[PDB]
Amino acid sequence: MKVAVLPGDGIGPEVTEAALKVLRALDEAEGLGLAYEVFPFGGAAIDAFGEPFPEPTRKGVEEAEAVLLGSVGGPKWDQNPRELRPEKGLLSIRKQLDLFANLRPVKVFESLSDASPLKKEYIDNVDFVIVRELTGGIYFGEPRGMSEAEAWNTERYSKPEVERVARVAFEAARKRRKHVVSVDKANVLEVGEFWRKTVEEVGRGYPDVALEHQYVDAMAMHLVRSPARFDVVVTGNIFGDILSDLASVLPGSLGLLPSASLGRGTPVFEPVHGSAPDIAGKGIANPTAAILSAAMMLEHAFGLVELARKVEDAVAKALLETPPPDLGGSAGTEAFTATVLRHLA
């Protein structure tokens, strides 16, 4: 199991190590053959090598089997130009590794129901994964423009760009509850028609996985009214981006959520959360999304579906037994990684 580890800036060093401690425990315990190396990335690499993603790191993530990525960003770098600010690097590891699907799961962890905005009975059992197409659609499609008089933007998709994210989604579904929902506007737009017939084609090949289709406006109401009725959801870019942000409020007690870019190259796995400089070095950072990005690496980069579910259960039990400071508890990063490890045995 070859992992390029990119701890990044701010709390990325602390929280990526809490994740590596889980992955070493399991490795010791199961014999997984973890081999990992730590590479420079982010504001720390702008400081050291003069650019955010320097060619040792380019090579590193190009030769590994998985990237564990922490977080970059810090104010210190906003001042200077564009390709020398921590976030440029995030599009270059995305371009280089040809990543085209972003997977964002939402789980509302039983113990933390009361922090959710929805009454308990709506969040019970929420476990779904929205795989968003990443590189296409209106954000990048063309023609585009702006006059004194008018502005325009095209939303475009080719059969290839739709089949790529649909196969991620069906394969993605084989590992968890086997149901895909695709999301479109096919009753009004033709891009939506086209998406719908292509995902139904690509669906033929994955017969053990059920497929349903839904409109974006109707899926927006179903993520508050019945979110538990979904396992994997697959959608285009702007709709995946609106819909994953709406889905991120369901857990409530934020900062617990993981992310994984997937594609032709090396899968990248990060927590959804920033550098959080304010608390870097203090021990208090909540490692739950980092530890859960590790579990997504195990499930998508190494096929180890059974073990990823054991790490998500240990972090469930752990959030129940020692909530971190940020959930009305007092467990630092280390005492929390501890109780996670203590249930992996």
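Note that residue numbering follows the sequence shown and begins at 1.
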**Complete:** Ranked by mean Cα B-factor in the entry, 79-87 and 140-148, top stretch is 79-87
**Asked** Going by the B-factors listed in the PDB entry, is the mean over the C-alpha atoms higher for 280-288 or for 27-35?
**Response** 27-35
**Prompt:** Considering only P105, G265, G236, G255, which residue's Cα atom bears the greatest B-factor as recorded?
**Reply:** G255
**Request:** Just grab whichever of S261, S113, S244, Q214 has the top CA B-factor as deposited.
**Result:** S113
**Complete:** Among the modelled residues of its chain, the C-alpha B-factor of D98 falls in the third labelled middle
**Message:** Sorting by Cα B-factor within the chain, modelled residues only, which third would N153 end up in: lowest, middle or highest?
**Reply:** highest
**Request:** Taking the chain's C-alpha temperature factors as the reference, tell me which third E334 falls into: lowest, middle or highest.
**Result:** middle
**Request:** Check where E270 lands among this chain's C-alpha B-factors and tell me if it's the lowest, middle or highest third.
**Result:** lowest
**Fill in**
For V305, the third of its chain by CA B-factor is the middle
